[PDB]
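Reading through the structure tokens given below for one structure.
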Amino acid sequence: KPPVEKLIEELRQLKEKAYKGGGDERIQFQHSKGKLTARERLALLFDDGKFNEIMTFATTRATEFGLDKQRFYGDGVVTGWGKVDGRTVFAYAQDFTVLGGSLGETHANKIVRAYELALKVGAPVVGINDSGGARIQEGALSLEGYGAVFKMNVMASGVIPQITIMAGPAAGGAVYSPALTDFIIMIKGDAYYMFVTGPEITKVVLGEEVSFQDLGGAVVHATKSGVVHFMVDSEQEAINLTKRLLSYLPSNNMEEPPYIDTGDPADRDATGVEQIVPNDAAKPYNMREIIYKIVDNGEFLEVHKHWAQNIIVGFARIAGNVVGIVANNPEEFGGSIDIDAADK
Amino acid sequence: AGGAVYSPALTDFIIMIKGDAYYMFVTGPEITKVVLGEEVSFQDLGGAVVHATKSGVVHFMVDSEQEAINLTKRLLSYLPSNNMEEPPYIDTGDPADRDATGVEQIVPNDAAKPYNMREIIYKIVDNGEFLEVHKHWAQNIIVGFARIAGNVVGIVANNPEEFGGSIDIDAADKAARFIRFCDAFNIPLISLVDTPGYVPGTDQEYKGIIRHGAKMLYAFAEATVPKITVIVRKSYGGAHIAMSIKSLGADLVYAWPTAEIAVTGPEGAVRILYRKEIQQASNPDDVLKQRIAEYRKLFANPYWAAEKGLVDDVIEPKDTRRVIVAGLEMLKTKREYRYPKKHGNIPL
Amino acid sequence: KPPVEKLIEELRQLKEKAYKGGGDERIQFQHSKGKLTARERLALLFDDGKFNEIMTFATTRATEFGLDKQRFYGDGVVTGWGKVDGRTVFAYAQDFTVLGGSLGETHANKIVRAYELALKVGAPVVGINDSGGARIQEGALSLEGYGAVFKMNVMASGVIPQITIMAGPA
């Protein structure tokens, strides 16, 4: 093989091959469920038109169960970094079309490598999940892979913001890395859910029969378990939300939350606010109305909105600077604090 | 009652005497009588029994004040005075060489038969002494203090007699808290493994097993004190990882010849794995549970893992004490890097 | 298989086989050259010849060039720690009877793991070298393996004493 001109043409073909993941048929299948592909989600998230991928051709090294034949470039996950609103952030996007987005050993190390880089340079990491779980074909090495990523989640905990977009059907170990990150944004729908143990086992073991959505759909986690922090209707909304969430956070624990969009003035009001609180000491009112009245342009990104409405917490800006707010909600439990609320 | 319960909650251990001179609750029953009409006695609401067996607020339940004080002194004996101190050494640990056999006798014929995991730890540690923490709560996991060759150790062991050693939400809370404590106070951690995974059902998902379970993962990954895992039998899926493996930070990993480390239970694995292949094979029933035997023969062992380097060595049960003693003596001066932060954001 | 008493039996056989490395035919060849085997050197170095070994059964992951056939336990190197004159010391001893003691990926990762443990614990490391070089059959993965060892040597430089015994055709 001599000419370089032919060499570059070969590269272009190989990359175009790698980009297809599991193939046009499978991506159309992903699309027919209402989901976007791993790469389409990334292009939406990053200042469109740019993503720096690492270990793009990396494949699996397993040989058992035919894995010696199924060598998909990238091993099921896209990893790298880009700019989100001009700021550097890292991300991984699992490709469900590549062996159900299962967690391969090489698949895990690519994610781990992203976390190691984000930790070295102090940049956030958003994991766009879409994995059925461990790659059973790789046995114990698959679990070890999970362990390695969990390790990175803990080391990065409180050092660099960690946001997960749960955009798939997570079971078993695929559930824990998200638990270890700071915020879980999940889309509600038939195609999205997460649980440690699937329904099939709860049957033979427990004896109880339940649907995937009733066991771990977006609604159960955003309204009962407290596992999900933000529940949304679509993937486009999930990524717009992540962009908004990131806008309130520093790139790492060595930076102050970014100052932003004017529109203060800082001189408060004079009326309204004092009219909200009832005469009685027990009658409910809208605590959220008081927050909107206090913060810049009344904007409030509410965390755990649908879980334990018992208390309210979220982000906002006051005269351009980021603040976190914790406020008792009279409308639920009379503002009485509770187990779920204390956790939230 | 009220504010009087929170300081104790914030401390590391609560020893409570069982008796009518009540105990604790954030809000008394009085309010429940005014609004509704469900009279509840002090004991039923916050008795030592409810807190040691249900809420997990109480770590030790005793029958008298003299017992609470004696236990306090005993607990103190396993603890260093502070942060910069190493736990206190004691009874001239001579019996460091080889564990008394019979240990491999505790584990039954097939993994279908249970056994008392404490029987195994009694044989491993000094004089069989073990101070069990949270003894009557989340019994599917065993957690407590002991001495090995004179040095204090913290143990986290699955209990085959409760929920089949499967980890629960309460168990994860129990084990994770005990792990963070030991680490903060330089107490080495020994993990004894025999768990099929986590307890299933909406009941567990609805109450957030996803976040409670991650607490164990966080605790071990966080800990920098010496950590050795001894896999006695089953070690499946997430449970396997939650007990401490190399990628999560285990310094040394050992397995008895009876260990079975599987990515998933050997059935749940074949039922997602085998179908297109076998659903069409010689026999329609044979090949239905025949490959379930296949997996086990091919993976329900520790050797596959040992070949992958995931397990440092396969040892004879009898050797467990010596292996621990050697490993702990070698890790005594262990030091590990952790990234600067005010603190982490452990799931709650 | 239900007898645990039979499992302890298998273990002892498997280990008996792992201690053999390349086999009696290879060990006699090593001996014919006037050299000891990896384990004999370690028994001489450590008090009472005792050594706590790590990753005893670890084998190559490679498949190309018949490596899916030649999968010896330990992948050509014995790694672990022990005491010499009562002090904790870490060490690796390459086994020439296993693929010319060449540096396979797993083989390199056992040496790296030893160095990580020694460096984390403040113990010296003794390297009884006896290998012809890179394991050609594992290609660039073997080179990657070397770099990982070299990195450990550098991090450990001036932190822990590093002594190497050159006992082979490097």
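The chains in the structure tokens are called A, B, ... from first to last as shown; in each chain the residues are counted from 1, and the ligands are counted from 1 in the order shown.
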Could you list the residues in chain A lying within 8 Å of chain B, using only C-alpha atoms, and format the result as a short mmCIF file (atom, residue, chain, number, x, y, z; two decimals) with N, CA and C atoms, in the first residue's frame?
data_model
loop_
_atom_site.label_atom_id
_atom_site.label_comp_id
_atom_site.auth_asym_id
_atom_site.auth_seq_id
_atom_site.Cartn_x
_atom_site.Cartn_y
_atom_site.Cartn_z
N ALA A 134 -24.56 -4.14 31.56
CA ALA A 134 -23.27 -4.79 31.39
C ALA A 134 -23.25 -5.63 30.12
N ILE A 136 -22.88 -8.82 28.98
CA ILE A 136 -22.82 -10.16 29.54
C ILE A 136 -21.71 -10.98 28.89
N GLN A 137 -21.53 -10.82 27.58
CA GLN A 137 -20.50 -11.55 26.83
C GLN A 137 -19.07 -11.40 27.39
N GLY A 139 -18.41 -11.06 30.67
CA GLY A 139 -18.43 -11.50 32.05
C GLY A 139 -17.93 -10.54 33.12
N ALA A 140 -17.02 -11.03 33.96
CA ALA A 140 -16.47 -10.25 35.06
C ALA A 140 -15.71 -8.98 34.66
N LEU A 141 -15.13 -8.98 33.47
CA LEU A 141 -14.40 -7.82 32.99
C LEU A 141 -15.35 -6.65 32.76
N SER A 142 -16.62 -6.96 32.52
CA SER A 142 -17.63 -5.94 32.30
C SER A 142 -17.91 -5.23 33.63
N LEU A 143 -18.01 -6.01 34.70
CA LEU A 143 -18.26 -5.45 36.03
C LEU A 143 -17.06 -4.62 36.48
N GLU A 144 -15.85 -5.12 36.19
CA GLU A 144 -14.62 -4.42 36.56
C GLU A 144 -14.62 -3.06 35.87
N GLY A 145 -15.15 -3.03 34.65
CA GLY A 145 -15.22 -1.79 33.91
C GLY A 145 -16.12 -0.83 34.66
N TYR A 146 -17.25 -1.32 35.13
CA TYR A 146 -18.18 -0.50 35.89
C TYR A 146 -17.46 0.08 37.11
N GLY A 147 -16.74 -0.79 37.82
CA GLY A 147 -16.00 -0.38 38.99
C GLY A 147 -15.08 0.78 38.69
N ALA A 148 -14.33 0.68 37.59
CA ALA A 148 -13.40 1.73 37.20
C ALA A 148 -14.10 3.07 37.00
N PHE A 150 -17.06 4.02 38.27
CA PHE A 150 -17.58 4.46 39.56
C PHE A 150 -16.46 5.12 40.35
N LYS A 151 -15.26 4.58 40.20
CA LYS A 151 -14.10 5.11 40.89
C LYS A 151 -13.90 6.56 40.47
N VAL A 154 -16.48 9.02 42.05
CA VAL A 154 -16.19 9.36 43.43
C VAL A 154 -15.02 10.34 43.55
N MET A 155 -13.94 10.08 42.81
CA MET A 155 -12.78 10.97 42.85
C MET A 155 -13.14 12.37 42.36
N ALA A 156 -14.06 12.42 41.39
CA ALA A 156 -14.47 13.69 40.81
C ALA A 156 -15.58 14.36 41.61
N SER A 157 -16.18 13.61 42.51
CA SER A 157 -17.28 14.12 43.31
C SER A 157 -16.90 15.36 44.12
N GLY A 158 -17.55 16.47 43.79
CA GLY A 158 -17.29 17.72 44.47
C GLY A 158 -16.08 18.44 43.92
N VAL A 159 -15.55 17.97 42.79
CA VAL A 159 -14.39 18.58 42.15
C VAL A 159 -14.79 19.18 40.80
N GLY A 172 -29.30 -3.00 36.09
CA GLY A 172 -28.10 -3.39 36.80
C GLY A 172 -27.08 -2.28 36.97
N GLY A 173 -25.81 -2.62 36.83
CA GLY A 173 -24.73 -1.66 36.99
C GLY A 173 -24.80 -0.37 36.18
N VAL A 175 -26.97 1.60 36.17
CA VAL A 175 -27.70 2.49 37.05
C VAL A 175 -26.84 3.27 38.06
N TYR A 176 -25.74 2.68 38.49
CA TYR A 176 -24.90 3.29 39.52
C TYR A 176 -24.02 4.50 39.22
N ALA A 179 -26.14 7.46 39.56
CA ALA A 179 -26.47 7.71 40.96
C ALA A 179 -25.35 8.50 41.61
N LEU A 180 -24.12 8.17 41.23
CA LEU A 180 -22.94 8.82 41.77
C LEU A 180 -22.67 10.23 41.23
N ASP A 182 -23.85 14.25 40.16
CA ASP A 182 -24.63 15.24 40.92
C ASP A 182 -26.10 15.41 40.52
N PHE A 195 -33.41 0.62 36.69
CA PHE A 195 -33.63 -0.19 37.88
C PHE A 195 -32.43 -1.10 38.09
N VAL A 196 -32.17 -1.46 39.34
CA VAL A 196 -31.03 -2.32 39.67
C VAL A 196 -31.29 -3.74 39.17
N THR A 197 -32.48 -4.25 39.49
CA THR A 197 -32.89 -5.59 39.09
C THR A 197 -34.11 -5.52 38.17
N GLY A 198 -34.02 -6.19 37.03
CA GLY A 198 -35.13 -6.17 36.09
C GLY A 198 -36.39 -6.86 36.58
N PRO A 199 -37.52 -6.67 35.88
CA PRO A 199 -38.83 -7.26 36.21
C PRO A 199 -38.82 -8.79 36.14
N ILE A 201 -36.56 -10.95 36.90
CA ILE A 201 -36.05 -11.57 38.12
C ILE A 201 -37.01 -11.35 39.29
N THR A 202 -37.55 -10.14 39.41
CA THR A 202 -38.49 -9.84 40.50
C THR A 202 -39.65 -10.85 40.43
N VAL A 205 -38.12 -14.44 41.60
CA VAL A 205 -37.76 -14.22 43.00
C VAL A 205 -39.01 -13.81 43.78
N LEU A 206 -39.37 -12.52 43.72
CA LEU A 206 -40.55 -12.01 44.43
C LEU A 206 -41.83 -12.75 44.04
N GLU A 208 -43.88 -11.06 41.92
CA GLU A 208 -44.66 -9.91 41.46
C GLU A 208 -44.32 -9.60 40.01
N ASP A 214 -43.38 0.93 35.24
CA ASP A 214 -43.90 0.89 36.60
C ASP A 214 -42.82 0.51 37.61
N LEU A 215 -41.73 -0.10 37.12
CA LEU A 215 -40.64 -0.48 38.00
C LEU A 215 -39.61 0.63 38.14
N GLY A 216 -39.26 1.27 37.03
CA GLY A 216 -38.27 2.34 37.08
C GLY A 216 -38.37 3.38 35.97
N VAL A 220 -41.47 7.29 38.22
CA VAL A 220 -41.21 6.71 39.54
C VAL A 220 -39.99 7.35 40.21
N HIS A 221 -38.93 7.60 39.44
CA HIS A 221 -37.72 8.17 40.00
C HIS A 221 -37.75 9.68 40.25
N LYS A 224 -41.02 9.59 43.23
CA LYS A 224 -41.09 8.72 44.39
C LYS A 224 -39.74 8.37 45.01
N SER A 225 -38.83 7.83 44.19
CA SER A 225 -37.50 7.42 44.66
C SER A 225 -36.50 8.55 44.91
N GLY A 226 -36.68 9.66 44.21
CA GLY A 226 -35.76 10.78 44.36
C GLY A 226 -34.48 10.56 43.58
N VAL A 227 -34.42 9.48 42.80
CA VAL A 227 -33.23 9.17 42.02
C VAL A 227 -32.98 10.16 40.90
N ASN A 253 -14.43 23.04 41.18
CA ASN A 253 -14.50 23.60 42.53
C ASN A 253 -13.46 24.67 42.86
N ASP A 343 -33.60 14.69 52.62
CA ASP A 343 -32.62 14.16 51.67
C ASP A 343 -32.40 15.11 50.50
#
Select residues of chain B: the criterion is any atom within 9 Å of an atom of chain C, counting only C-alpha atoms; output as a PDB file with N, CA, C and O atoms, in the first residue's frame.
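So the final result, stored in selection.pdb, reads:
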ATOM      1  N   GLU B 104     -13.406 -24.390  56.018  1.00  0.00           N
ATOM      2  CA  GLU B 104     -13.982 -24.770  54.735  1.00  0.00           C
ATOM      3  C   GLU B 104     -15.180 -25.686  54.952  1.00  0.00           C
ATOM      4  O   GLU B 104     -15.905 -26.009  54.016  1.00  0.00           O
ATOM      5  N   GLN B 105     -15.383 -26.089  56.201  1.00  0.00           N
ATOM      6  CA  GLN B 105     -16.489 -26.967  56.567  1.00  0.00           C
ATOM      7  C   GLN B 105     -17.795 -26.183  56.706  1.00  0.00           C
ATOM      8  O   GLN B 105     -18.882 -26.756  56.652  1.00  0.00           O
ATOM      9  N   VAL B 107     -19.054 -23.865  54.631  1.00  0.00           N
ATOM     10  CA  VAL B 107     -19.766 -23.708  53.367  1.00  0.00           C
ATOM     11  C   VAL B 107     -20.295 -25.032  52.824  1.00  0.00           C
ATOM     12  O   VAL B 107     -19.522 -25.919  52.467  1.00  0.00           O
ATOM     13  N   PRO B 108     -21.632 -25.165  52.742  1.00  0.00           N
ATOM     14  CA  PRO B 108     -22.393 -26.327  52.266  1.00  0.00           C
ATOM     15  C   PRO B 108     -22.067 -26.844  50.870  1.00  0.00           C
ATOM     16  O   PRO B 108     -21.304 -26.231  50.123  1.00  0.00           O
ATOM     17  N   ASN B 109     -22.689 -27.975  50.530  1.00  0.00           N
ATOM     18  CA  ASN B 109     -22.520 -28.642  49.235  1.00  0.00           C
ATOM     19  C   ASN B 109     -22.781 -27.753  48.028  1.00  0.00           C
ATOM     20  O   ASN B 109     -21.888 -27.541  47.208  1.00  0.00           O
ATOM     21  N   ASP B 110     -24.010 -27.255  47.906  1.00  0.00           N
ATOM     22  CA  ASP B 110     -24.381 -26.379  46.788  1.00  0.00           C
ATOM     23  C   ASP B 110     -24.737 -24.996  47.311  1.00  0.00           C
ATOM     24  O   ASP B 110     -25.186 -24.866  48.449  1.00  0.00           O
ATOM     25  N   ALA B 111     -24.550 -23.976  46.471  1.00  0.00           N
ATOM     26  CA  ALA B 111     -24.837 -22.591  46.841  1.00  0.00           C
ATOM     27  C   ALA B 111     -26.309 -22.358  47.139  1.00  0.00           C
ATOM     28  O   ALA B 111     -26.757 -21.212  47.256  1.00  0.00           O
ATOM     29  N   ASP B 251      -7.193  -3.246  47.608  1.00  0.00           N
ATOM     30  CA  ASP B 251      -5.742  -3.410  47.516  1.00  0.00           C
ATOM     31  C   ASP B 251      -5.399  -4.859  47.153  1.00  0.00           C
ATOM     32  O   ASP B 251      -4.577  -5.111  46.280  1.00  0.00           O
ATOM     33  N   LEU B 252      -6.039  -5.803  47.830  1.00  0.00           N
ATOM     34  CA  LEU B 252      -5.818  -7.222  47.584  1.00  0.00           C
ATOM     35  C   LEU B 252      -7.153  -7.944  47.465  1.00  0.00           C
ATOM     36  O   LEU B 252      -8.079  -7.668  48.222  1.00  0.00           O
ATOM     37  N   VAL B 253      -7.256  -8.858  46.509  1.00  0.00           N
ATOM     38  CA  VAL B 253      -8.477  -9.636  46.347  1.00  0.00           C
ATOM     39  C   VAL B 253      -8.133 -11.128  46.329  1.00  0.00           C
ATOM     40  O   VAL B 253      -7.318 -11.578  45.524  1.00  0.00           O
ATOM     41  N   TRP B 256     -11.784 -18.078  47.676  1.00  0.00           N
ATOM     42  CA  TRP B 256     -11.744 -19.469  48.094  1.00  0.00           C
ATOM     43  C   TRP B 256     -12.040 -20.269  46.827  1.00  0.00           C
ATOM     44  O   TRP B 256     -12.508 -19.715  45.838  1.00  0.00           O
ATOM     45  N   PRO B 257     -11.769 -21.579  46.835  1.00  0.00           N
ATOM     46  CA  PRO B 257     -12.041 -22.385  45.641  1.00  0.00           C
ATOM     47  C   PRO B 257     -13.541 -22.480  45.382  1.00  0.00           C
ATOM     48  O   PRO B 257     -13.976 -22.911  44.316  1.00  0.00           O
ATOM     49  N   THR B 258     -14.323 -22.067  46.371  1.00  0.00           N
ATOM     50  CA  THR B 258     -15.776 -22.111  46.294  1.00  0.00           C
ATOM     51  C   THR B 258     -16.419 -20.818  45.796  1.00  0.00           C
ATOM     52  O   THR B 258     -17.642 -20.714  45.741  1.00  0.00           O
ATOM     53  N   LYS B 297     -20.003 -24.215  34.818  1.00  0.00           N
ATOM     54  CA  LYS B 297     -18.777 -24.973  34.585  1.00  0.00           C
ATOM     55  C   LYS B 297     -17.712 -24.059  33.988  1.00  0.00           C
ATOM     56  O   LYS B 297     -16.535 -24.178  34.308  1.00  0.00           O
ATOM     57  N   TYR B 303     -11.339 -18.892  38.898  1.00  0.00           N
ATOM     58  CA  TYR B 303     -10.222 -18.984  37.964  1.00  0.00           C
ATOM     59  C   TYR B 303     -10.330 -18.118  36.721  1.00  0.00           C
ATOM     60  O   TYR B 303      -9.317 -17.647  36.198  1.00  0.00           O
ATOM     61  N   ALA B 305     -11.641 -15.206  36.613  1.00  0.00           N
ATOM     62  CA  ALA B 305     -11.259 -13.896  37.132  1.00  0.00           C
ATOM     63  C   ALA B 305      -9.768 -13.835  37.431  1.00  0.00           C
ATOM     64  O   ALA B 305      -9.108 -12.849  37.118  1.00  0.00           O
ATOM     65  N   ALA B 306      -9.236 -14.894  38.032  1.00  0.00           N
ATOM     66  CA  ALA B 306      -7.815 -14.924  38.357  1.00  0.00           C
ATOM     67  C   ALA B 306      -6.987 -14.791  37.082  1.00  0.00           C
ATOM     68  O   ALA B 306      -5.956 -14.106  37.066  1.00  0.00           O
ATOM     69  N   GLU B 307      -7.442 -15.431  36.005  1.00  0.00           N
ATOM     70  CA  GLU B 307      -6.721 -15.351  34.734  1.00  0.00           C
ATOM     71  C   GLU B 307      -6.795 -13.951  34.162  1.00  0.00           C
ATOM     72  O   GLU B 307      -5.917 -13.536  33.413  1.00  0.00           O
ATOM     73  N   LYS B 308      -7.843 -13.218  34.517  1.00  0.00           N
ATOM     74  CA  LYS B 308      -7.991 -11.856  34.025  1.00  0.00           C
ATOM     75  C   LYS B 308      -7.236 -10.893  34.931  1.00  0.00           C
ATOM     76  O   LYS B 308      -7.147  -9.698  34.645  1.00  0.00           O
ATOM     77  N   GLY B 309      -6.685 -11.433  36.018  1.00  0.00           N
ATOM     78  CA  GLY B 309      -5.921 -10.634  36.962  1.00  0.00           C
ATOM     79  C   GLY B 309      -6.788  -9.860  37.938  1.00  0.00           C
ATOM     80  O   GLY B 309      -6.282  -9.048  38.716  1.00  0.00           O
ATOM     81  N   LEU B 310      -8.090 -10.131  37.906  1.00  0.00           N
ATOM     82  CA  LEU B 310      -9.062  -9.460  38.759  1.00  0.00           C
ATOM     83  C   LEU B 310      -8.996  -9.958  40.192  1.00  0.00           C
ATOM     84  O   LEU B 310      -9.438  -9.283  41.124  1.00  0.00           O
ATOM     85  N   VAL B 311      -8.456 -11.155  40.361  1.00  0.00           N
ATOM     86  CA  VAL B 311      -8.305 -11.744  41.681  1.00  0.00           C
ATOM     87  C   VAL B 311      -6.813 -12.018  41.839  1.00  0.00           C
ATOM     88  O   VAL B 311      -6.188 -12.604  40.952  1.00  0.00           O
ATOM     89  N   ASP B 312      -6.232 -11.586  42.952  1.00  0.00           N
ATOM     90  CA  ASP B 312      -4.807 -11.796  43.149  1.00  0.00           C
ATOM     91  C   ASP B 312      -4.420 -13.259  43.312  1.00  0.00           C
ATOM     92  O   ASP B 312      -3.359 -13.675  42.847  1.00  0.00           O
ATOM     93  N   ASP B 313      -5.272 -14.044  43.963  1.00  0.00           N
ATOM     94  CA  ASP B 313      -4.952 -15.446  44.148  1.00  0.00           C
ATOM     95  C   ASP B 313      -6.122 -16.240  44.700  1.00  0.00           C
ATOM     96  O   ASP B 313      -7.030 -15.690  45.329  1.00  0.00           O
ATOM     97  N   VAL B 314      -6.109 -17.539  44.427  1.00  0.00           N
ATOM     98  CA  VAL B 314      -7.135 -18.440  44.926  1.00  0.00           C
ATOM     99  C   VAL B 314      -6.439 -19.177  46.067  1.00  0.00           C
ATOM    100  O   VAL B 314      -5.400 -19.796  45.870  1.00  0.00           O
ATOM    101  N   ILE B 315      -7.019 -19.091  47.257  1.00  0.00           N
ATOM    102  CA  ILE B 315      -6.447 -19.689  48.456  1.00  0.00           C
ATOM    103  C   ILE B 315      -7.342 -20.743  49.088  1.00  0.00           C
ATOM    104  O   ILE B 315      -8.547 -20.788  48.828  1.00  0.00           O
ATOM    105  N   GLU B 316      -6.748 -21.584  49.930  1.00  0.00           N
ATOM    106  CA  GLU B 316      -7.512 -22.606  50.636  1.00  0.00           C
ATOM    107  C   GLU B 316      -8.107 -21.883  51.843  1.00  0.00           C
ATOM    108  O   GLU B 316      -7.399 -21.157  52.537  1.00  0.00           O
ATOM    109  N   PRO B 317      -9.412 -22.062  52.105  1.00  0.00           N
ATOM    110  CA  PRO B 317     -10.076 -21.402  53.240  1.00  0.00           C
ATOM    111  C   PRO B 317      -9.211 -21.316  54.502  1.00  0.00           C
ATOM    112  O   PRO B 317      -9.107 -20.265  55.144  1.00  0.00           O
ATOM    113  N   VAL B 323      -3.363 -15.117  55.231  1.00  0.00           N
ATOM    114  CA  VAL B 323      -3.382 -14.238  54.074  1.00  0.00           C
ATOM    115  C   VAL B 323      -3.739 -12.798  54.514  1.00  0.00           C
ATOM    116  O   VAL B 323      -3.125 -11.828  54.069  1.00  0.00           O
ATOM    117  N   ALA B 326      -0.850 -11.234  56.565  1.00  0.00           N
ATOM    118  CA  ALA B 326       0.243 -10.809  55.699  1.00  0.00           C
ATOM    119  C   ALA B 326      -0.134  -9.531  54.962  1.00  0.00           C
ATOM    120  O   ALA B 326       0.615  -8.558  54.967  1.00  0.00           O
ATOM    121  N   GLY B 327      -1.306  -9.539  54.334  1.00  0.00           N
ATOM    122  CA  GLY B 327      -1.748  -8.375  53.590  1.00  0.00           C
ATOM    123  C   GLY B 327      -1.875  -7.126  54.439  1.00  0.00           C
ATOM    124  O   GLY B 327      -1.412  -6.063  54.042  1.00  0.00           O
ATOM    125  N   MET B 330       1.452  -5.657  55.425  1.00  0.00           N
ATOM    126  CA  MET B 330       2.099  -5.017  54.292  1.00  0.00           C
ATOM    127  C   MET B 330       1.435  -3.674  53.963  1.00  0.00           C
ATOM    128  O   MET B 330       2.102  -2.737  53.523  1.00  0.00           O
ATOM    129  N   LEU B 331       0.129  -3.577  54.188  1.00  0.00           N
ATOM    130  CA  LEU B 331      -0.582  -2.329  53.916  1.00  0.00           C
ATOM    131  C   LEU B 331      -0.568  -1.317  55.073  1.00  0.00           C
ATOM    132  O   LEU B 331      -1.031  -0.189  54.899  1.00  0.00           O
ATOM    133  N   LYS B 332      -0.052  -1.705  56.238  1.00  0.00           N
ATOM    134  CA  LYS B 332      -0.023  -0.795  57.395  1.00  0.00           C
ATOM    135  C   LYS B 332       0.446   0.622  57.078  1.00  0.00           C
ATOM    136  O   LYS B 332      -0.044   1.587  57.664  1.00  0.00           O
ATOM    137  N   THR B 333       1.400   0.755  56.164  1.00  0.00           N
ATOM    138  CA  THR B 333       1.915   2.076  55.829  1.00  0.00           C
ATOM    139  C   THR B 333       1.353   2.640  54.534  1.00  0.00           C
ATOM    140  O   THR B 333       1.930   3.563  53.957  1.00  0.00           O
ATOM    141  N   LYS B 334       0.230   2.087  54.083  1.00  0.00           N
ATOM    142  CA  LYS B 334      -0.401   2.533  52.839  1.00  0.00           C
ATOM    143  C   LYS B 334      -0.806   4.003  52.870  1.00  0.00           C
ATOM    144  O   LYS B 334      -1.350   4.484  53.862  1.00  0.00           O
ATOM    145  N   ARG B 335      -0.527   4.705  51.777  1.00  0.00           N
ATOM    146  CA  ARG B 335      -0.879   6.116  51.624  1.00  0.00           C
ATOM    147  C   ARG B 335      -1.389   6.304  50.196  1.00  0.00           C
ATOM    148  O   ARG B 335      -0.748   5.835  49.252  1.00  0.00           O
ATOM    149  N   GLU B 336      -2.528   6.982  50.031  1.00  0.00           N
ATOM    150  CA  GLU B 336      -3.109   7.189  48.697  1.00  0.00           C
ATOM    151  C   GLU B 336      -3.589   8.614  48.404  1.00  0.00           C
ATOM    152  O   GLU B 336      -4.123   9.304  49.279  1.00  0.00           O
TER     153      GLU B 336
END
Could the residues of chain C that have an atom at most 10 Å from chain A be listed as a tab-separated table, each with its closest atom pair and the distance in Å to one decimal, counting only C-alpha atoms and ordered by chain and ascending residue number?
residue	atom	partner	partner_atom	distance
C:61	CA	A:61	CA	7.9
C:62	CA	A:61	CA	8.2
C:63	CA	A:63	CA	8.2
C:68	CA	A:63	CA	10.0
Report task. Would you list the contacts of segment 31-43 of chain A as a ChimeraX atom specification, taking every protein, DNA or RNA residue within 8 Å and counting only C-alpha atoms, but skipping same-chain residues closer than 5 positions in sequence? Result -> /A:19,48-51,77-78,93-96,128,167,191,235-236,239
Query raised in the report: If you run DSSP on the backbone, which residues of segment 11-168 of chain C are strand (DSSP E), as a VMD selection string?
Result: chain C and resid 52 to 53 77 to 84 87 to 94 125 to 129 162 to 166
Report task. Considering only C-alpha atoms, state which residue in the set C:21, C:76, C:34, C:169 is at the smallest distance from residue 102 of chain C. Result ->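 Closest candidate: C:76.
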Report task. Determine, counting only C-alpha atoms, which protein, DNA and RNA residues have an atom within 9 Å of an atom of residue 152 of chain B; residues of the same chain fewer than 6 positions away are not included. Present the result as a ChimeraX atom specification. Result -> /B:78-79,87-90,145-146,187-188
Could you please take those selected residues and save N, CA, C and O atoms as a compact mmCIF listing (two decimals), in the first residue's frame?
# COMPACT_ATOMS: atom_id res chain seq x y z
N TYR B 78 -11.85 -0.36 70.78
CA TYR B 78 -11.52 -0.64 69.39
C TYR B 78 -11.23 0.64 68.64
O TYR B 78 -10.88 0.61 67.46
N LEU B 79 -11.36 1.77 69.32
CA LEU B 79 -11.18 3.05 68.64
C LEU B 79 -9.98 3.89 69.06
O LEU B 79 -9.57 3.88 70.21
N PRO B 87 -5.62 2.76 65.43
CA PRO B 87 -6.42 2.06 66.43
C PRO B 87 -5.50 1.30 67.39
O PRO B 87 -4.44 0.82 66.99
N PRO B 88 -5.90 1.17 68.67
CA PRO B 88 -5.10 0.48 69.68
C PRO B 88 -4.89 -1.02 69.47
O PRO B 88 -5.83 -1.77 69.20
N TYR B 89 -3.63 -1.43 69.61
CA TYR B 89 -3.21 -2.83 69.46
C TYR B 89 -3.38 -3.48 70.83
O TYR B 89 -3.35 -2.78 71.83
N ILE B 90 -3.58 -4.80 70.89
CA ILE B 90 -3.73 -5.45 72.19
C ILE B 90 -3.06 -6.82 72.47
O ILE B 90 -1.84 -6.94 72.39
N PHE B 145 -16.52 -4.87 64.45
CA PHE B 145 -15.09 -4.79 64.77
C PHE B 145 -14.51 -6.09 65.32
O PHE B 145 -15.20 -6.87 65.97
N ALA B 146 -13.22 -6.28 65.06
CA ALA B 146 -12.50 -7.45 65.53
C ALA B 146 -11.02 -7.14 65.48
O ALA B 146 -10.62 -6.05 65.06
N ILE B 187 -9.10 2.46 60.41
CA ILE B 187 -9.38 1.06 60.70
C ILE B 187 -9.47 0.30 59.38
O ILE B 187 -10.34 0.58 58.57
N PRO B 188 -8.57 -0.68 59.15
CA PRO B 188 -8.55 -1.48 57.92
C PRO B 188 -9.88 -2.20 57.69
O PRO B 188 -10.56 -2.57 58.65
Report task. Using backbone DSSP assignments, extract all helix (DSSP H, G or I) residues from segment 101-272 of chain B; output them as a PyMOL selection string. Result -> chain B and resi 103-105+117-124+126-128+163-165+169-184+202-206+209-222+237-242+246-248+270-272
